[PDB]
Each structure stands twice: as C-alpha cells, then as structure tokens.
Amino acid sequence: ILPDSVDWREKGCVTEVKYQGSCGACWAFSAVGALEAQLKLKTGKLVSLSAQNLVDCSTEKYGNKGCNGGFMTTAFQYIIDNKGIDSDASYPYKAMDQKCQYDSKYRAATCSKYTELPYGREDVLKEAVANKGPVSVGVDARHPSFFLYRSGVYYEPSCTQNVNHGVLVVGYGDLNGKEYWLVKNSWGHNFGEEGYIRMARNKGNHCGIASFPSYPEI
Ligand SMILES: C/C=C/C[C@H](C(C)=O)n1cc([C@@](C)(NC(=O)c2ccccc2)C(C)C)nn1
Numbered sequence: 098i099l100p101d102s103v104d105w106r107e108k109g110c111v112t113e114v115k116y117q118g119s120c121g122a123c124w125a126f127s128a129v130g131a132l133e134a135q136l137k138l139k140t141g142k143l144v145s146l147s148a149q150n151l152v153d154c155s156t157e158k159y160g161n162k163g164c165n166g167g168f169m170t171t172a173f174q175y176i177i178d179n180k181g182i183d184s185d186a187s188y189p190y191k192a193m194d195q196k197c198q199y200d201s202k203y204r205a206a207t208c209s210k211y212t213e214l215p216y217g218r219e220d221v222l223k224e225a226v227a228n229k230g231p232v233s234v235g236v237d238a239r240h241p242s243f244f245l246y247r248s249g250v251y252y253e254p255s256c257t258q259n260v261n262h263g264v265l266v267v268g269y270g271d272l273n274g275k276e277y278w279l280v281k282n283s284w285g286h287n288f289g290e291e292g293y294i295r296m297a298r299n300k301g302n303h304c305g306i307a308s309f310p311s312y313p314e315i
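Numbering of the sequence shown is given in mature numbering (1 follows the signal peptide of the UniProt record, and there is no 0), commencing with residue 98 and proceeding in unit increments.
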C-alpha cells in the first residue's frame with residue numbers, strides 16, 4: 098500500500114535548510130524539522146521552529162548539552178513539558194549556548210507525544226515516512242566521504258550503525274536502481290544537493306539511518 102517514493106518537500110512540509118555552523122546542534126535541527134512538518138500538516142502553515150530554543154532550554158534535565166549535543170527524543174519531551182516551542186524568527190539561531198529565553202508569546206508549535214521506531218527496521222521507517230511525515234534520525238556521518246557527498250546515492254562501505262549526527266528523513270525513493278532515503282542535513286545549502294543527501298536504503302541499515310528514528314505529533 099505504501100508509495101514507491103515520497104518527498105515531503107513536494108507537500109510543502111519542509112522548511113529551508115539551516116546552517117548549524119560551529120555549534121553541535123544537529124539534534125535540535127533534526128527535532129524541529131520533524132515538528133515543522135507536523136505543524137504544516139495540522140495548521141497548513143510552514144514555519145521554521147527555533148533550534149536555538151532547544152539548545153538553550155532543552156538542557157541538563159533532558160540529558161542534552163546544547164552545542165555539545167543532545168537527543169531528538171528528549172527535545173520532543175522538552176517541547177511537550179514546556180507546552181511550546183518558539184519560532185525561529187522569534188528566537189533566532191546563534192550557534193552558541195545561551196540562557197533559556199523561551200517566551201510563550203512567540204510560541205509557534207506544540208508537541209503532545211513522540212514515537213520511537215524499532216531499531217534498524219527500514220520497512221517500519223518507510224511506513225512512518227509515508228504515513229506520518231518526516232522522521233528524525235541519527236546517522237554515522239563521521240566518514241570523510243559524507244562531507245564530500247555531491248550527488249547520487251551515498252553508499253560508504255566503512256559506514257557503521259554507530260550514529261553521531263542527527264538529521265531528518267524527508268522522503269525515500271530510487272535513483273538509477275539504487276534505493277535511497279532523502280535526508281535533510283543542517284550544514285547549509287552548500288552541503289550535498291542543496292543541503293540534502295540521498296543515503297542508501299535497504300542496504301542493511303546503512304550508516305545506522307534506521308537505528309534511532311523518532312517523530313513527534315502536535
Ligand atoms: C559532541 C558534539 C556533537 C555534535 C552533534 C552534531 C551532529 O551536531 N551531535 C551529535 C548528537 C547525537 C549523536 N547525540 C549526542 O552526541 C549527545 C551528546 C550529548 C548528550 C546527548 C547526546 C544525536 C544525533 C543523537 N547530538 N548532537
């Protein structure tokens with residue numbers, strides 16, 4: 098029943114690619130990206146949400162360390178606990194750790210729950226991407242080839258299932274006989290294909306893409 102390919106950009110559910118700079122905030126970008134799609138699905142409005150709000154506010158209580166890393170799932174829980182997250186416009190990204198400056202007057206989204214998908218199951222990830230929306234994932238992005246990706250479907254024999262980088266699966270498909278996951282990164286539009294990378298799909302949980310998937314709901 099699932100479509101052979103999905104691209105949530107086609108449905109206007111994906112915001113512009115962001116640039117995290119020298120702050121290890123990929124986790125926060127991944128989390129807001131997933132929530133941005135849900136916000137569009139629920140309200141019809143596409144709005145960039147504040148990764149900085151997560152960096153500054155979803156901190157020790159959530160096991161997160163701001164520019165030194167965090168979890169997408171615990172970011173979602175912060176949004177639930179906090180009863181909101183501010184817009185990116187209201188609480189802009191500065192690529193540094195700041196005091197928490199959340200203000201409900203700038204709230205642009207809420208979250209009521211999140212779901213973690215079973216480990217390594219690319220079929221379940223496919224179903225979620227098709228039926229729920231973009232899914233936050235971790236990948237192994239440590240390998241020099243990752244940084245140099247320009248086009249095609251990324252396959253790195255040295256990749257592992259030990260994830261170190263938080264990104265957003267916004268689709269899937271097949272290109273020239275290679276199944277892929279369409280991944281939104283947060284290293285700006287210079288990276289890959291305008292900020293995206295197509296990563297090998299159904300190749301044994303390549304780079305751990307299906308290791309730790311999660312998605313929020315509004
Ligand atoms: C040590 C710096 C990590 C930066 C960085 C990034 C890709 O920007 N990063 C990796 C992570 C990952 C691997 N999480 C963690 O590394 C992490 C770190 C501290 C506390 C909690 C978690 C997530 C993707 C799960 N979070 N941020």
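Positions of the beta carbon are idealized from the N, C-alpha and C atoms, including for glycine.
Across the structure, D185 and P231 are spaced so that their CA atoms are roughly 19 Å apart. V221 and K229 have their C-alpha atoms some 11 Å from each other. Note that the segment 268-285 does not touch the segment 201-210; fewer than 3 beta-carbon pairs, one per stretch, sit closer than 8 Å. If you draw a 10 Å sphere on the C-beta of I98, you find fewer than 16 other C-beta atoms in it, and that means exposed. The closest CA to that of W278, considering only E314, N299, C256, is found on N299.
Around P189, the same chain offers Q149 as residues with beta carbons nearer than 7 Å, after the five sequence neighbours per side are excluded. A straight line joining the alpha-carbon of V266 with that of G118 spans about 21 Å.
Spatial neighbours of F288 in its own chain (CB-CB distance under 6 Å, excluding positions within 5 residues in sequence) are listed in chain order as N282. The beta carbon of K196 sits closer than 8 Å to the beta carbons of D153 from its chain, once the five residues preceding and following it are set aside; these are given in chain order. Around the C-beta of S255, fewer than 16 other C-beta atoms lie within 10 Å, and the residue is accordingly described as exposed. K229 carries a coil assignment under DSSP once its states are collapsed to helix, strand and coil.
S311 sits close to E213, with the two beta carbons spaced by under 8 Å. Per DSSP, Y175 is one residue of the alpha helix (DSSP H) stretching across 169-179. Counted as a single uninterrupted DSSP element, the alpha helix (DSSP H) harbouring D153 occupies residues 148-154. Taken through DSSP and simplified to helix, strand or coil, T140 comes out as helix.
Within 7 Å of the C-beta of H262 there is at least one heavy atom belonging to ligand 1. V129 is not a Cβ neighbour of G285, given a cutoff of 8 Å. In this structure, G235 lies near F309, with their beta-carbon atoms less than 8 Å apart.
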